[PDB]
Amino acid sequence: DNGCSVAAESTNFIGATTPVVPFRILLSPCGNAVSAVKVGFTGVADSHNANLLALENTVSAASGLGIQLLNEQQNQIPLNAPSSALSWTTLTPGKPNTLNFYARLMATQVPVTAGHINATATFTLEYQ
């Protein structure tokens, strides 16, 4: 039976954080027999903080900052967590399922230096 078609929303952008920005990952349509998925984010971790996503490093890039990802309850999502560490997300069979997250920026070094802020990450959905 079919899984879910996934459409991810992109996000436009010492301990200090910027305000949360919501983004969704929409699973729709979904097959009639979907039940649960284990979901997680992987990417290059910031050198100062393993649970922060590192920004791309270029001539015009910003620094002293990494990206934090949060679940709908605004709890930190562990970057590069092993499957064994992930819980199951229940899905409504045969229907659209929306997964809600937040991203924000967090300072790793003060003073933070200005510049372009760009990053990539990979969201994995493991089907039960």
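Numbering starts at 1 and runs along the sequence shown.
Answer with none, 1 to 3, 4 to 9, or 10 or more: how many deposited residues between residue 13 and residue 14 are not present in the coordinates.
The entry has 10 or more unmodelled residues between residue 13 and residue 14.
Using the B-factors recorded in the PDB entry, average over the C-alpha atoms of 18 to 26 and of 115 to 123, then report which stretch comes out higher.
Looking at the record's C-alpha B-factors, the answer is 115 to 123.
Which of 70 to 78 and 93 to 101 has higher mean CA B factor, as the PDB entry lists it
Comparing averages over the C-alpha atoms only gives 70 to 78.
Given 64, 31, 40, 43, identify the residue with the highest C-alpha B factor in the PDB entry.
Spelled out: the listed residue with the top C-alpha B-factor is 64.
Residue 87: which third of its chain by C-alpha temperature factor?
Middle third.
Ranking the modelled residues of this chain by C-alpha B-factor as given in the entry, is residue 50 in the lowest, middle or highest third?
Its C-alpha B-factor belongs to the highest third of this chain's values.
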